[PDB]
Amino acid sequence: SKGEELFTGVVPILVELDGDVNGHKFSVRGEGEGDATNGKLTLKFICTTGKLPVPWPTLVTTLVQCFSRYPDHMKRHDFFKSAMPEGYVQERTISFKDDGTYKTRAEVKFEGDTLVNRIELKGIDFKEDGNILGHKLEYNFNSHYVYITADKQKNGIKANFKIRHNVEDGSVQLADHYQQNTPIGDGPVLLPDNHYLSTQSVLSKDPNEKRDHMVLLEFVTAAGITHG
């Protein structure tokens, strides 16, 4: 609730990712802003180590669900904002079908007035000629159903969902996501009934940017619980 008050306006965001995929080391830094009232994120990401060794779309889910719009009747199911400002740890396994896996650990919390997402990512078992290391994924993004459930044992939540990455040959590269979030602080948090986040994104480029980069606009709303 006091967490929720932190998101009523536009909030600056910083994202920092250190990654290693099949031994290829890279870093990404992003900045922008979140407008949870409208479920809206606007960010630009830079690969600060040179060329990104995986396709940008594969990093989108790893690179701040506290910016989701929860409808009024669902505000008591918003774990993400309730954990703020101290924040939460977000961990995933992302299994790319017929290919490698990403394991990610992030902390999402306020540092001053900025919402910061700091991530470590480790990718293993990728095919060198596959859709990821071969850069055969379209530079776009689909709309998803992020199913959330509550982990009463860990005082947090779990989520599961399938990301669909369109491939240049017209096929689709699935990326199965298994997610767990736990609060960093010890204060009370909201543990939700089953529900989902409905997501949508577009990816674009900044014509004046020479570095390897991604411009992202994303909208997310919570749903799946009937108004009483």
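Note that the numbering runs from 1 along the sequence shown for the chain. Worth knowing before you read on, the calculation uses all heavy atoms, side chains too, and leaves out hydrogens, waters and symmetry mates.
Applying the salt bridge (charged side-chain N to carboxylate O under 4.0 Å, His left out) definition to pairs two or more places apart or across chains, those involving residues 144-155 are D151-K154. For residues 85-96, no residue pair satisfies the salt bridge (charged side-chain N to carboxylate O under 4.0 Å, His left out) rule, not counting sequence neighbours. Among pairs with a residue in residues 23-39, those fulfilling salt bridge (charged side-chain N to carboxylate O under 4.0 Å, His left out) read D20-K25, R29-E31, at least two apart in sequence or across chains. Residue pairs meeting the ring-ring contact (aromatic ring centres under 6.0 Å, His included) criterion with at least one partner in residues 36-59, sequence neighbours excluded, do not occur; the list is empty. For residues 102-126, the pairs satisfying ring-ring contact (aromatic ring centres under 6.0 Å, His included) are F7-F110, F96-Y102, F96-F126, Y102-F126, with sequence neighbours left out.
In this structure, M214 and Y139 have side chains that are in contact, with non-hydrogen atoms separated by less than 4.5 Å. Proximity of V54 to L137: side-chain heavy atoms (C-beta onward) are nowhere separated by under 4.5 Å. A 4.5 Å side-chain heavy-atom check between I163 and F141 finds at least one atom pair inside the cut-off. For the pair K127/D98, a side-chain contact is recorded, criterion being any heavy-atom separation below 4.5 Å from C-beta on. The side-chain heavy atoms of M84 and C66, taken from C-beta on, include a pair separated by under 4.5 Å. Put simply, the side chain of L191 reaches to within 4.5 Å of the side chain of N155, judged on heavy atoms.
Judged purely by atom type and a 3.5 angstrom limit, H73 has no side-chain atom pairing as donor or acceptor with the backbone of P71. Using a distance-only test at 3.5 Å, with no hydrogens or angles considered, a donor-acceptor pair links the side chain of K81 to the main chain of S68.
For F161 and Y145, the distance between ring centers is not under 6.0 angstrom.
Salt bridge annotation for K97-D176: absent, with no cationic side-chain nitrogen under 4.0 angstrom from a carboxylate oxygen. Salt bridge status for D78 with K75: absent, with no side-chain N to carboxylate O gap under 4.0 Å. For the pair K44 and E209, the salt-bridge criterion is met [side-chain N within less than 4.0 Å of a carboxylate O].
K136 pairs by the salt bridge (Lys or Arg N to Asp or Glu O under 4.0 Å) definition with nothing, not counting sequence neighbours. Listed by chain and number, the residues in a side chain to side chain donor-acceptor pair (under 3.5 Å) with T149 amount to none (sequence neighbours excluded). Scanning for side chain to side chain donor-acceptor pair (under 3.5 Å) contacts around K109 gives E107, with sequence neighbours left out. With sequence neighbours left out, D125 forms a side chain to side chain contact (heavy atoms under 4.5 Å, CB included) with no residue at all. Under the salt bridge (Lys or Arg N to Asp or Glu O under 4.0 Å) criterion, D169 pairs with no residue at all, not counting sequence neighbours.
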Which atom pairs, donor and acceptor, lie under 3.5 Å between side-chain atoms of residues 219-228 and protein residues at least two apart or in another chain?
unit_1: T221; atom_1: OG1; unit_2: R69; atom_2: O; d: 3.2

Identify every side-chain donor-acceptor pair in residues 195-204 under 3.5 Å, counting partners at least two apart or on other chains, and give the distances.
unit_1: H195; atom_1: ND1; unit_2: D193; atom_2: O; d: 2.9
unit_1: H195; atom_1: NE2; unit_2: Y70; atom_2: OH; d: 2.8
unit_1: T199; atom_1: OG1; unit_2: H144; atom_2: N; d: 2.9

Please walk me through it: do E4 and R76 pass salt bridge (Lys or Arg N to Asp or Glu O under 4.0 Å)?
CA-CA 10 Å; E4 192 188 330; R76 74 179 173 87; over 6 Å; no

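In plain terms, the two heavy atoms of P192 and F79 that are nearest each other are CD-CB, 4.4 Å.
Remark: the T58 side chain and the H165 side chain contain no N/O donor-acceptor pair separated by less than 3.5 Å. Remark: the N131 side chain and the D99 side chain contain no N/O donor-acceptor pair separated by less than 3.5 Å. Checking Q173 against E138 by side-chain atom types alone, no donor-acceptor pair falls below 3.5 Å.
Residue-environment remark: CZ (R164) stays at or below the threshold of 12 foreign heavy atoms within 6.0 Å.
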